[PDB]
Every structure is written in structure tokens, then in C-alpha cells.
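Take a look at this single chain in C-alpha cells; it is the form deposited in one PDB entry.
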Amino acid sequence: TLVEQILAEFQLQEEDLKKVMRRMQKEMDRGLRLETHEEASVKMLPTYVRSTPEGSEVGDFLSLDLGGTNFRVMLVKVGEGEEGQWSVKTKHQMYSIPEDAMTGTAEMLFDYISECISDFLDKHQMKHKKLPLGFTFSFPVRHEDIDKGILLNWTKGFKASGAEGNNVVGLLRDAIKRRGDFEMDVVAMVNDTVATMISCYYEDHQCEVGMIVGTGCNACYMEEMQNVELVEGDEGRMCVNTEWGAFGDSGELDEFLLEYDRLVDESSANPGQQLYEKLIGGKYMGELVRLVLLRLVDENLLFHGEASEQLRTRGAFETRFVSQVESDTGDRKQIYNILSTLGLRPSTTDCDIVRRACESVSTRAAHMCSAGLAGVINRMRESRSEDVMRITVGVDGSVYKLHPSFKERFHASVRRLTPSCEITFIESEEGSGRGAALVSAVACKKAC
């Protein structure tokens, strides 16, 4: 109990999640009206991907994904069958992100990207061609059009200087001309939430949400255009990147924020920002555990009171440990080897506590997230017909796909909050690559 008292702190009651779900619905409406959109913590951003597409182009497209831990490049082909486009990644390649790119200027970052883009085109001899290029850019962007928009600010721990405030698609081109090595027609810039929804629509036409629970946490949904005041028009629907990770930045979570959350936030690349994301994201979960463990040893409840050298350095506890720990079959060998690598010698009950700590952190994350989705799905259900409103949600992100139980805890809780709704989850088999391509395919029936 002395331990379970400290852990029970991470608990959230059914009534707590409802309160969170209602507060999200609120910030959502606030960021959609013109009069509040500006200081709304949930920015609710028009993506310019719209309800009824005009028509699509076929052929190969070049897709970029940045915003992950890693930058990726892939070529995807696009065709047409009975029900809309089919897409399929045909070639691909990842490129680690250097420290000299993340510290330097936006200009340096993008040249590095320009390079990897040429390196890629080498290995597959294609440097001589000019294809439509879809860009999945996993950051808050204020779009002027499907291929126009500026970076509002970095999240997840990117710093590249003098990037905020500028057009991203521009900079991409800027860097390609700083090469002459090749040409590319940049036709669409989309959020990963959005890339993922689109990749999934073609599978299930009812797929109208894209949720990412990976290093960050964000969601996007199809909204009524008359509700999108920042964009002119009333017919049809535009996809809206909620950027809900910023939920709580106006202080809507304060009654739920634990000391471990205050500490993570303080030391983060962005104090006071992405507060909701820091309860859930992968950038942050392993760190929450680490802080919890360190609290537990400072109360002589763990590791005999003595914390490791690494256990004491920030970020030393990787989110992917939290998974491994929660995967241990019950024999404790999975948990032991982990703490072993971190310079500790866990007793048996040491291991059993660390399991409990993870479960406490990740399960909070699961539920906190479900409130958010639930509040989206409720909002959609509100401006829309009804009986049992079926709806599909396209999902992606390591935390969701790999953490052994987050998925189960998350589905259960979402459903508890959404009666009358029959929610279906699909995991995007390469949703970035093909979501972008699919969106470029239709953007490019205008720019080609």
C-alpha cells in the first residue's frame, strides 16, 4: 500500500475521463470559431483536404515523412479500382537525423533532407525524373492551401532555428534548388494524422478520423465546412488537424497534473506546451516512469534506496522499456535484463514494483487518450444524422501498436464513453507514405 498509495495517484475515475472528454469538446469548438481560434489551446487547423475530391491522377509519387525520430523517403504507386485509388509503397529508405541538423538552421536541416532525397534517387536510379512529391510533416502547421503553410512551432523536441513562422513547403523547394541535382513538383503537405486517415478511407470509406499515438499524440477528423470559420465555405467537409496535444496549455488539465508531469515539462524542449501530449506521448512516457521510480527509491521503497547512475540521467528510461516491462511473462527475466542494462540489481519485488509503475503510467495514458478520441467522436456524432452512428478510426504510432496492452485499455475506455457509437479501428499499413501519395494524387490533378 505504501507503494500503491503513490501509484494510485495516476488513477482516473470514469467521471474524471468524462470531465476531460467534455473539456476537450470545449477547446475544440473554441479553436474553430474565428473569435477564439487565436488563443484556443486546441488550434483545430484546416488541412485543406476536402470532403468530395474532384478526381485523382495515377502513377508513382514521391512521399516524405518527417517528424518521426527518423526521416524517411519512399516511392508509392497509385491506381484505381471500383472504389477509389489503390496505393502501395514500392521502394523506401530511412535516414537518421544528425545532431548538427537539429541544432543548426532550418536551412541546414532541409539540405540534409535534400541530400537524403538525392541519396535515395541514386540507389534507385530515378534522379532524372520529376514526380509529384507528397510531404507528411508531423508538426502544427497553419495551412493556406493543400500545398501552402507555415510552421506554428516545433514539438516533440525539434529545434532547427529560424523555422517557426515560415512556409515549410517553400523551404523544401529552397533546398532542392540549393542542389540543381533534381527537380520535384511539391503538390501536397499533410499531417501524419491526416496522412493516416486517408490511407484508411480507401480501405473503409467510413474512416473519418486519424489518430497518432507514437512519439507524439494527435488526432484529425472530418468537420462540417460551415463549422470551419477560418476557411470560407459551408458545403462539404474539411479535415481538421486538432493538434490536441496542446490541450491543457490553457491550464485545463491542472487538476490532474502530477509532480512527475510538472518535472518532465520543466526539463522539456518546450515548457508549458503539449501538456496533454506529455501524459501520453512516447517522447515522454518512459521519462514519466523514470521519475516515478526515482521517487520510489527516495522513499526507500525500491533498489534499497540506491538509484543507479543512468537511472538518474534524463531520458535514460526509454518508452520501449515500459513496453518490455509490461510484456514480461511473469518470470521477471524481461524486467531484470532491462534494469540490469541500467546498472541496477533488482530484487524480485523491485521488479514487481517497476511493472506496477509502468502499468500506472501507461494506463493513465491509455485512458487520458480515450477521453480525447471520445470527445472527437461525440462532437462528430453531434453534427450528423444518427442512430447507432458507426465510424472508423485510422490509427498509428508505436505506443498504440507495440505497447502490449495500451491498445486494449484504450479501446475499452473509448467505448465506455461512446455509447450509440460503433467504433472501428484500423491500423495504417504504411499510412504516411500512401496517405500523402493518395492526397498528392488528387492535389496533382490540379497542379499537373
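When you see a residue number, it is the position in the sequence shown, counting from 1. Rigid core: the largest C-alpha set superposing within 1.5 Å between the two forms.
We do not show the form deposited in another entry, though everything after this point is about it.
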Checklist entry - In a fit on the core, which one among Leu32, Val399, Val42, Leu62 has a Cα that moves 2 Å or more between the shown form and the other one? => result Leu62
Next on the checklist: Taking 2 Å as the cut-off, check whether the CA of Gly180 shifts that much or more between the shown form and the other one after a rigid core fit.
Outcome noted: yes
Next on the checklist: Is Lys129 displaced by at least 2 Å at its C-alpha between the shown form and the other one when the rigid core is overlaid?
Outcome noted: yes
Next on the checklist: Rigid core superposed, CA of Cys217 - does it shift 2 Å or more between the shown form and the other one?
Outcome noted: no
Next on the checklist: Having a change of 3 Å or more in the C-alpha distance between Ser268 and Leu66, I'd like to know whether it is closer or farther in that other deposited form than in the form here.
Outcome noted: farther
Next on the checklist: Assuming the CA distance changes by 3 angstroms or more, are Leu66 and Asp249 closer together or farther apart in that other deposited form compared with the shown structure?
Outcome noted: farther
